[PDB]
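A.B. asks: this one's a deposited entry, sequence included:
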Amino acid sequence: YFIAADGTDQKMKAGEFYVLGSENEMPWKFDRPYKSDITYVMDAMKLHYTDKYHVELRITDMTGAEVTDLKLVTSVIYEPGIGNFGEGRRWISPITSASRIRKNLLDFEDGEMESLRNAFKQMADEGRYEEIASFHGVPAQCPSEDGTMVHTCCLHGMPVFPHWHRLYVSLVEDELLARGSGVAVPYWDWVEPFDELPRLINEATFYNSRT
Amino acid sequence: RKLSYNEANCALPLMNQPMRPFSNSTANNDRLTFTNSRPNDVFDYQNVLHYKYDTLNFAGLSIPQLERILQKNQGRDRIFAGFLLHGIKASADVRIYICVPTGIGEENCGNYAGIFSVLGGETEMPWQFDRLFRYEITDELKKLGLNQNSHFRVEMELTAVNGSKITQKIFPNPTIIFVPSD
Amino acid sequence: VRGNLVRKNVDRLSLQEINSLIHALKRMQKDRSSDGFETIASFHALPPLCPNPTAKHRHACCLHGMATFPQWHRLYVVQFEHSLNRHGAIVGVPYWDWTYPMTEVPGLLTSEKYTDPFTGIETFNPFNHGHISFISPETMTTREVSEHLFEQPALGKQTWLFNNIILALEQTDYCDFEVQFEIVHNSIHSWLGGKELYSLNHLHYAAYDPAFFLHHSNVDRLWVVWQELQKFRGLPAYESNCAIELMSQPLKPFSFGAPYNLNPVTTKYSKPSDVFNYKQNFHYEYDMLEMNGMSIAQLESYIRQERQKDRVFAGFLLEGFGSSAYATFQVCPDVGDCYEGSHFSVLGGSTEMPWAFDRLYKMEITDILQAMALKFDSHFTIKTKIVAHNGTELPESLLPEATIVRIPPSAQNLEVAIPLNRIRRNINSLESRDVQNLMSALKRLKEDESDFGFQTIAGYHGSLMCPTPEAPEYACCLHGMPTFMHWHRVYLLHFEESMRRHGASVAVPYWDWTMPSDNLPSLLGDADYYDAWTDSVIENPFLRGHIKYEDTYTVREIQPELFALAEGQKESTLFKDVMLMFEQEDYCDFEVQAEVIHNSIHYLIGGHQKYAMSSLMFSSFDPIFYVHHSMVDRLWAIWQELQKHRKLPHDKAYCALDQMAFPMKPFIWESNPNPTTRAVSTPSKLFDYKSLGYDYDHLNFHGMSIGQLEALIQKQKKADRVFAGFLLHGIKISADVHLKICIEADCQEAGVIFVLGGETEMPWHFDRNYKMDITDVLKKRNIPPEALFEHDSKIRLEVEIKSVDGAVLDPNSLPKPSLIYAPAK
Amino acid sequence: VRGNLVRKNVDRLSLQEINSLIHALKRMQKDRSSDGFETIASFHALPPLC
Amino acid sequence: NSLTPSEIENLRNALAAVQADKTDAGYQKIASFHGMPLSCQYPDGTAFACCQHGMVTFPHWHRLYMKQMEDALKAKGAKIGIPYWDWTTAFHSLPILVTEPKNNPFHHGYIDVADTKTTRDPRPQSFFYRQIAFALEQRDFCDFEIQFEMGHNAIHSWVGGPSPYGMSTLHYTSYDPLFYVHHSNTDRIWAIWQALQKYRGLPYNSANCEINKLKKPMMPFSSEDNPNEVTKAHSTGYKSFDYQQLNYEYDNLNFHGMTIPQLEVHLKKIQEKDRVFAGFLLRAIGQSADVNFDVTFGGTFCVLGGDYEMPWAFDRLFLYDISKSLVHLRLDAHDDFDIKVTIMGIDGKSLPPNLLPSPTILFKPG
Amino acid sequence: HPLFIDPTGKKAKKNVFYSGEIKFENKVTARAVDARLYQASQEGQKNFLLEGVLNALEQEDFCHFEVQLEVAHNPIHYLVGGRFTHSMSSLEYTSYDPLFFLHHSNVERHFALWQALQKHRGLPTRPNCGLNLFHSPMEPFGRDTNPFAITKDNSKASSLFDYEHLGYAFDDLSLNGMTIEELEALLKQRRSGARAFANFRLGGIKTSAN
Ligand SMILES: *[C@@H]1O[C@H](CO)[C@@H](O[C@@H]2O[C@H](CO)[C@@H](O[C@@H]3O[C@H](CO)[C@@H](O)[C@H](O[C@H]4O[C@H](CO)[C@@H](O)[C@H](O)[C@@H]4O)[C@@H]3O)[C@H](O)[C@H]2NC(C)=O)[C@H](O)[C@H]1NC(C)=O
Ligand SMILES: *[C@@H]1O[C@H](CO)[C@@H](O[C@@H]2O[C@H](CO)[C@@H](O)[C@H](O)[C@H]2NC(C)=O)[C@H](O)[C@H]1NC(C)=O
Ligand SMILES: *[C@@H]1O[C@H](CO)[C@@H](O[C@@H]2O[C@H](CO)[C@@H](O)[C@H](O)[C@H]2NC(C)=O)[C@H](O)[C@H]1NC(C)=O
Ligand code: CUO
Ligand code: CUO
Ligand code: CUO
């Protein structure tokens, strides 16, 4: 079965299935539809589920010759995510493809800190992290539109401010884990009042147990 | 709240242009950030950037408890100061003072209400917030026994990160907003 | 004590009233006092006095591009008002409202000369123009009229001002109101002023043109309307919660008690906070607080309906520059073709006090995006070109590039004042006049030989005419599938239109067969009636339809069981069947239950006959068809309401998206009488009935509110139930399936289900099985559901299907039932 | 409880009001029932019933 | 829940059956004991209400009382035991059997003494879960009971509301079919605990505090005029601990989704985080009232009581965790706080003030 | 109803009884029923139809029976026909409506009942009233073109006093479940007492009237 639009008209195969049959097989018909998800090919066509798409299929027997004709496929169901806490779902923390856990800096342990330090030191020893800071920093890499002038690349006036830095913290963490970090980049909550700065960043030196 | 979370109803034409340092083939060679450089790509962090936070509760409050607090906050009469901000070529601290008129003659001023910061650098990309930033001055007015109806004005004192060259009248005068309780 | 002055509409002014106005202005124009015209015109802008009259450097006086703009100009009009009232005007300052579409500039504004009817002397019309004293005695204001002033409503389109005036009046926040409001007002300044230097488009000289004060009399009126709206909404009308800071700073030059302002009242209320209560302070009234003839009530309704739509806006951030200019923005997709978006204007001069809006000025582009066939999150941009008064194109760098914001629909109930003739009512509630109106209308329609006629529309269902004529080899009706409801909804719509076309002031009634009925309701039952207006006796048009190509009238052989199905009264089988349908929280699950019951009634009123309601091919020719289909449609509306009451989807459904997109077959074709049913051929569009222009009075099942329905629905889910499942499909004929449960070889009737069909059918297969609970039947035989799982006793279901023409009876071509156990959650 | 009908001045009518008026009278002019134009017109004079 | 028809089916008839025996009680005598009509006498023979709440022997009396009631459906197709509904598990609505308006024996009872059927007025993570779990946490029996009784009567407060004829009142509660069914559950909770102990090697069919009182016999179950031999046999305190010789069984003593062993892990798991509790002294008062806490909301809990009830005072404090309150105010058990309370009567009024003294406020690590 | 449902599905046929077609001039005869015809109401109006024939059944002359029978038979024609010109309401077209004959089978059945009652005891069943009108063959039955000989032979009113030879019989001819002796009991004991009557002098007014 393929999905076709009215426009091009261009098609994309949505997969196949086999139904088993013989000459004297038991009379049978489903009281339920066989569902195949077909969601990927839909997004691949840049085709929203509302635009007119008629569903088309071709059927073959075991030999080469084509069989005609059928079949009722007039139903294309839309399955909403279980997580969006919508009309049909109660509030449930959605299960996601999430690898790394970022945790509170205060909840860190003696080992997890030394792990994070050594991993980042390696990132600092090699020329890497300064290169990442330079995405945001003062050497300007952003000269548009003509360009008269070059600007710092980070976006601060926009509503897409969080998006930019959401990506920044992602980039540094991804490179940090590859440098063997035991944990993802932690958040430290300034929202909780403190008389001093965190262990991790405050003191100029730490005792390294390995060396 | 049943609202948009992985999408934005707000300023749309910004959401499809890829982040300029990340979208650039150089120097971003990390394929992860490169492909997902467009603002809409990075909305659900978990599925795309494969990370999570241990708990998404704030100050020890589960999210239902959070919205409960937030709703109680809206349950009372509150008063705000409106700030129209934009790109200076330097970062600065602006402090809020509540100016109270003295009976005879007219007079003023200084009572410390709050502080907030604006960030910047000489070569930053220019910008202008198209809505007011709000600061709740409600409790400070209460300590002055003041009201939304009572006579007063709000003055900002711009101290930049120089420590010196205390800045002078960069932003429109603070607006005063009153939100009555529901 | 004198009594308030009334600000009349211009065209309403009488010859006496115009006269006193024209002579009064004549004097205050010649008046060199500070009560005079040149002097008051000085208050606004160019001969500046505003920082204070003594300043070395001065700016323009009036407030513009800030929250207190309405207040300043309110007080500025009463300044001009009090002058000419003391100069002998019997009325307040007239307005010309742009709320109504414009065909022309008002007479007292446009005609250069005026003749006094009473003294017969032709003189120069004082309102035609104004003199600018300081420039030269020989210097007058001049005007240029843009055709953008005279726009009239199109098919779907509406005039710029109308859309944008409502857009302002929609706002609930004063500052959000003010920003939208001012720019709406800016339009006339540009449209009457034009590119002329001494005009209304120049901030400097605008007040020197006398039209300024008539125009702003309306600007003031709009604020009073918005003020009135806020009172209606239970909001602060006479106070402003935003920009509180500005409501203290007094209005110049009005604030000067000393020689510059002689008005005692204007000085006293120079504070913008005091400018609010116009009737008590400044003593003036309006004749009518109306937007284009709408009451403030009608206004808010329109407003709330528009808030239900899915809308998207172009946002503009405006910072002020002298001089005045107008902006044009276009909506441009990724492909090169650009479409024209709307346009707006700013008012400015060189001496203006610098101004910046702290919010976005919104423009609606939602109607334009739909024309461009792309949604809100699709790739599209906005290019803006702004030309000055001068007028050279001003750099795109001058104003920040536009933003775009989509506001989601707000799902909540509305009034909504629906035309009396377009509501569908319970057939037993109809008064004698509705009955007579319907009958006269139906007789004419059946007599109609045009395509609008009864034969033609009845031919849409049971034919023989599905695409493409003449290929079929097909029948053209939609069942059984989710799109079944939809098709018959347009069909019923199509019927309602034809009714109205012959003078029906009554929408198609619904007959409630779920209530106990001893016989068919009289409107449908009576054979003939005596007209008084004609001495003739004529037969009820609802009784039978004539089938033209078959040369036979419809027949109604009523099974005694039809009445017996609902004799509960609340224990009635029909009640139980429908409540089980209402429980469904999926649209497709709702549909099968809905249509099976629909087939039940079809069968029982015209049973065991060809050319009857029971036979699918000819049922539409019997007039009660539509009345029945009014009922099933209402049932769906109740479900939609039930669905909206639960958080579940009401306006759309996630089912057969393959069908919902494509529009339906008999209606689309170019050979269709009315264009309206053609427009709504798509199933997606008829999902909500209100948008189609009709409504049911009322929406409740038996004596229960919707909340009470869900309560009784939940209660049924709190008990254990046992269903029999029926996968159904199209046999080439109508049939009744009798269900018997057998505890042993002894069998008793468990229930019955009906099937619609005809020789010319559209082959149909259901998506799931229709359900019917025999739980109460089981409880009657004292076989608790545990025994269903027991090997002994042995129990079975037997089905005897009988053809529409008895018996015949048919060997079993329908799948055998299934036992489904639903434990309470 | 249904709000009072307003008798407006003719020249004051908006396009929406004019339109709904045109279509109403058009139907009631075609309405052959007693609530139609012809029958209501009779109440005044010539086809007499008094 | 999980009932299979006609399992439901048999019972109504049985409940129907005893609605009038009505000789033995038949049901009204069986009702009186918790209910209003006077159970017993001081030696001066003055009216008492032979209700045995407020004391440590609280469960036995009831757990029995179910029995008396339970026996009463005897061979009337009393084919299974009185069911229990786990009020711990959060619930949008009340349970059917006692809801169905028509032809249902569980809707209401009648009262010869008042000429009326019962009236009930319900009033608005799961609160009871948190409240019960604590009770389970405890290891002393006495410590357990105070929480066990208070968790319990929270429902007699909320099911009944403001009707004298109702579950909120001591006087006529016992009359409403809802009452036993709530019980099975209360009893079940107790049983679970016993299993808990047993798991922990603490005494379960015994109890070291107080030796005083378990030995006092219990009327009416004492009384000669109780024509059931069994209850009298265990009329005592110390008997009635082993419910095994009753003889009944609960389908499963598992708190929702937990093996007993699973349960201790849970509690053990809870116990990690340091908590903070408030404990009140509660003591007899004729009326029945609900009490609402404050510092944000800290509330709440209810006390069951009626006219002519034996007076009682708890030996120990009643604890209610208020940690969520502190986080709410962001306090550290360090910053110091005012614990403000309120105490409404079941009838519309009137929140009279203590009465109860002052709440102590105590901290548990951790 | 205007349509007859045959047990066989088939096609519907205009049921012959609803409307008789008037072939000369042009069709048809519908009927505007008057409300008086239906008296199922709780007490009132009283059954005036019954009282009508009940009043004729009491009279023991033929003349008196005849005038009271004929008047009592008019309500049906009037109330069924109603304002409509072509119907039972006028004697000009009433015979074209099939209900006419279903109506007159009853009034003849009443006539039989009366002769039975006179025969009960002990009075003539003969018309002693219109002797001269009895000797002429009543048109158009005595007409030369009569399809049936049985009516042409009995076309004289003289030979129509009895109906046994006319080849028909009624199943009951007892109004409202009353024995011939039960009816006579009511009749005879409605005769007992002081009475008062509205005396009407009637004749043709060239129209039907109430
Ligand atoms: C995508 O990124 C690439 C690089 O990742 C970027 O190209 C870079 O552009 C910058 C900006 O011009 C180049 O910057 C150089 O920086 C050094 C100092 O670090 C300077 O010596 C150079 O010029 C300086 O002096 C000039 C006067 O003599 C000044 O006018 C100028 O502003 C500097 O101060 C020089 O600018 C850098 O070499 C490139 N690198 C590469 C690899 O191209 C590119 O612009 C980005 N593309 C887009 C579309 O954003
Ligand atoms: C630090 O002080 C300097 C002045 O010595 C400020 O510099 C000027 O700032 C204004 C804007 O306020 C600019 O228009 C001038 O071009 C700046 N001149 C120079 C030489 O920098 C600077 O703004 C201050 N920065 C901070 C953070 O206060
Ligand atoms: C027409 O108008 C524009 C602006 O009104 C004039 O240019 C402005 O000149 C001032 C300096 O006096 C600048 O500050 C503005 O930036 C200029 N314009 C804009 C739009 O920003 C222009 O010179 C005029 N040209 C004509 C038609 O005479
Ligand atoms: O700096 Cu750009 O991010 Cu905080
Ligand atoms: O307001 Cu001053 O301009 Cu129309
Ligand atoms: O009409 Cu298509 O079936 Cu009811």
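C.D. replies: Nice, I can see it. Numbers count the residues shown, from 1 in each chain, chains lettered A, B, ... in the order given. Ligands and ions are numbered 1, 2, ... in the order given.

A.B. asks: what sits against the nearest residue to residue A:143 once chain neighbours are set aside?
C.D. replies: Of all residues not flanking residue A:143 in the chain, residue A:150 sits nearest, at 3.9 Å (Cβ to Cβ, 6 or more residues apart in numbering or on different chains). C-betas here are computed from N, CA, C, even on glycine. Residue A:150 sits next to A:140-143, B:123 when contact means Cβ atoms under 8 Å, 6 or more residues apart in numbering or on different chains.

A.B. asks: now do 7 Å
C.D. replies: Listed by Cβ atoms under 7 Å, 6 or more residues apart in numbering or on different chains, the contact set of residue A:150 reads A:140, A:142-143.

A.B. asks: distance-wise, check residue C:98 relative to ligand 1.
C.D. replies: Taking Cβ to the nearest ligand atom, to the nearest Å as the measure, residue C:98 falls 48 Å from ligand 1.

A.B. asks: excluding its backbone neighbours, what's nearest that residue?
C.D. replies: residue C:161 (4.8 Å).

A.B. asks: thought residue C:100 was touching that neighbour, still the case?
C.D. replies: No - Residue C:161 lies out of contact with residue C:100 (Cβ atoms under 7 Å); the separation is 9.3 Å.

A.B. asks: so those two - more neighbours on which side?
C.D. replies: Taking neighbours as other Cβ atoms under 10 Å in any protein chain shown, residue C:161 and residue C:100 compare with residue C:161 leading, 23 against 20.

A.B. asks: residues touching the more buried one, list them.
C.D. replies: Counted by Cβ under 7 Å, 6+ apart, residue C:161 has contacts C:98, C:184, C:187.

A.B. asks: which SS class is the last one?
C.D. replies: So that's residue C:187. Assigned with DSSP: H, G, I helix; E, B strand; the rest coil, residue C:187 falls in the helix class.

A.B. asks: out of the contacts of residue A:150, which are buried?
C.D. replies: A:140, A:142 (16 or more other Cβ atoms under 10 Å in any protein chain shown).

A.B. asks: out of the contacts of residue A:150, which touch ligand 3?
C.D. replies: With Cβ under 6 Å from any ligand atom as the criterion, the contacts of residue A:150 include none near ligand 3.

A.B. asks: just the closest of the contacts of residue A:150 to residue E:199, please.
C.D. replies: residue A:142 (66.8 Å; Cβ to Cβ).

A.B. asks: who's that closest one bridged to?
C.D. replies: When bridges are called by DSSP bridges, residue A:142 pairs up with residue A:151.

A.B. asks: residue contacts, the residue nearest to the spatial centre of chain A?
C.D. replies: Nearest to the mean C-alpha position of chain A, counting by Cα atoms, centre = their mean, stands residue A:97 at 7.3 Å. Listed by Cβ under 7 Å, 6+ apart, the contact partners of residue A:97 are B:46-47, B:50.

A.B. asks: check the secondary structure at it for me.
C.D. replies: coil.

A.B. asks: what do you get for residue C:655?
C.D. replies: Following three-state DSSP, we place residue C:655 in the coil state.

A.B. asks: could you check how far the spatially closest residue to it that is not a sequence neighbour is from residue A:33?
C.D. replies: Nearest residue to residue C:655 in three dimensions, chain neighbours excluded: residue C:588, at 4.2 Å (Cβ to Cβ, 6+ apart). With distances taken as Cβ to Cβ, to the nearest Å, residue C:588 is found 10 Å from residue A:33.

A.B. asks: mutual contacts of these two, please.
C.D. replies: Joint contacts of residue C:588 and residue A:33 (Cβ under 7 Å, 6+ apart) are residue C:767.

A.B. asks: between the two, which one's more packed in?
C.D. replies: residue C:588 (18 against 12).

A.B. asks: and whichever strand or helix holds the more buried one, C-alpha only, in CSV?
C.D. replies: Using DSSP states H and E, the element containing residue C:588 is helix C:587-606. Provided in CSV are the C-alpha atoms of helix C:587-606 (Å, rounded to 0.1, in the frame of the first residue of the first chain):
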residue,chain,number,x,y,z
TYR,C,587,-16.7,9.4,16.8
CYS,C,588,-16.6,6.2,14.8
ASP,C,589,-17.8,4.2,17.8
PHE,C,590,-20.6,6.7,18.1
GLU,C,591,-21.4,6.5,14.4
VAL,C,592,-22.2,2.7,14.2
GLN,C,593,-24.5,2.8,17.2
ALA,C,594,-26.1,6.0,15.7
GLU,C,595,-26.8,4.6,12.3
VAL,C,596,-28.0,1.2,13.4
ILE,C,597,-30.7,3.0,15.5
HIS,C,598,-31.3,5.3,12.5
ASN,C,599,-31.9,2.1,10.5
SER,C,600,-34.3,0.9,13.2
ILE,C,601,-36.8,3.7,12.8
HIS,C,602,-36.4,3.8,9.0
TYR,C,603,-37.5,0.2,9.0
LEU,C,604,-40.4,0.3,11.5
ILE,C,605,-42.5,3.1,10.0
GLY,C,606,-42.5,1.9,6.4
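
A.B. asks: pull out the buried residues from the following helix or strand past that helix.
C.D. replies: Following helix C:587-606 in sequence order, the next helix or strand is helix C:624-645 (DSSP H and E). Neighbour-count burial for helix C:624-645, counted by 16+ other Cβ under 10 Å, picks out C:624-644.

A.B. asks: now the spatially most central residue of chain B: closest residue in space that isn't a chain neighbour?
C.D. replies: Note on chain B: the residue nearest the mean C-alpha position is residue B:133, at 5.0 Å, using Cα atoms, centre = their mean. Of all residues not flanking residue B:133 in the chain, residue B:83 sits nearest, at 4.4 Å (Cβ to Cβ, 6+ apart).

A.B. asks: my read: that neighbour touches residue B:172, true?
C.D. replies: No - between residue B:83 and residue B:172 there is no contact under Cβ under 7 Å: 8.3 Å.

A.B. asks: for chain A, just list every one of the strands.
C.D. replies: Assigned strands in chain A, in chain order: A:2-5, A:11-13, A:53-56, A:59-60, A:66-67, A:100-102 (criterion: DSSP state E).

A.B. asks: let's have these in TSV, adding mean neighbour count.
C.D. replies: As requested, these are arranged in TSV below (neighbours: other Cβ atoms under 10 Å in any protein chain shown):
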stretch	mean neighbour count
strand A:2-5	18
strand A:11-13	13
strand A:53-56	17
strand A:59-60	12
strand A:66-67	10
strand A:100-102	16
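
A.B. asks: dump the ones you listed into TSV; add distance to residue C:3 as well.
C.D. replies: TSV is the format used below for the strands of chain A (distance: least, Cβ to Cβ, whole Å):
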stretch	distance to residue C:3
strand A:2-5	71
strand A:11-13	78
strand A:53-56	70
strand A:59-60	88
strand A:66-67	92
strand A:100-102	73
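
A.B. asks: other SSEs contacting the particular helix or strand that has residue C:737 in it?
C.D. replies: Using DSSP H and E, the element containing residue C:737 is strand C:735-742. With contacts taken as 3 or more Cβ pairs under 7 Å, 6 or more residues apart in numbering or on different chains; DSSP states H and E, strand C:735-742 sits against strand C:747-755, strand C:796-803.

A.B. asks: one more time with 10 Å, if that's ok
C.D. replies: Applying 3 or more Cβ pairs under 10 Å, 6 or more residues apart in numbering or on different chains; DSSP states H and E, we find strand C:735-742 packed against helix C:587-606, strand C:721-726, strand C:747-755, helix C:775-780, strand C:796-803.

A.B. asks: list the buried residues in that strand.
C.D. replies: The neighbour-count check on strand C:735-742 (16+ other Cβ under 10 Å) flags C:735-737, C:739-741 as buried.

A.B. asks: out of those, who's nearest residue C:522?
C.D. replies: residue C:736 (27.6 Å).
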